[PDB]
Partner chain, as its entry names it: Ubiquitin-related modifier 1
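First comes one chain, alone, set out as structure tokens in the form solved without its partner chain.
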């Protein structure tokens, strides 16, 4: 789309929304919830945000390596100044909510949201055939600091937690 590609120095695009079921402190997978709209453009205009897209909830690489790496380093991400971590995929809000609960996330440390119809991912050119790509975006006070996509199957070289922590460290405010 017109936003494609996102590059450092760009503002995060306007009018970006995701659908999600807010966490409640409970990990009960049989409580489905009720989706609401998350205004990502407003949220990302203040503070430091990490936005990670994965091709699919509950799929092997996304589960076994990608999301678990971020979960293991949530203390380091917080100490590096990250105010919010967002995981998106094309799966609907109900599936994304179950995926976060399956990974033990009961609070706002990581939100799990749906990029409905890959609207956002397609706008920045990183979607295919109904699924988002695997990518990571770091934003600070509305400004894209980092945006990279993993095109190699099974790799998190560019969108994994280590790449994000490296970017944060190069900002010079540790």
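Basically, rigid core = biggest C-alpha set you can superpose within 1.5 Å across the two forms. Numbering follows the first chain given and starts at 1. Shifts are known only where both forms have a C-alpha.
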{"query": "Given 25 to 33 and 116 to 124, the range whose Cα B-factors average higher in the PDB entry", "finding": "25 to 33"}
{"query": "Mean temperature factor over C-alpha atoms, higher-scoring stretch between 131 to 139 and 144 to 152", "finding": "144 to 152"}
{"query": "Record-listed C-alpha B factor of residue 81: chain third", "finding": "highest"}
{"query": "Relative C-alpha B-factor of residue 164, binned into the chain's lowest, middle or highest third", "finding": "middle"}
{"query": "Residue 63 by Cα B-factor - lowest, middle or highest third of the modelled chain", "finding": "highest"}
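What follows is about the form deposited with its partner chain bound, which we do not show.
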| item | value |
| --- | --- |
| All of 22, 46 and 106 with a heavy atom within 4.5 Å of its partner chain in the deposited complex | no |
| Contact segment among 136 to 144, 36 to 44, 60 to 68, 119 to 127, judged by heavy atoms lying within 4.5 Å of its partner chain in the deposited complex | 60 to 68 |
| Proximity of residue 84 to its partner chain in the deposited complex, heavy atoms at 4.5 Å | no |
| In the deposited complex, residue 155 touching its partner chain (heavy atom, 4.5 Å) | yes |
| Segments of at least three residues whose Cα atoms shift by 2 Å or more between this form and the one not shown, after superposing on the rigid core | 172 to 174 |
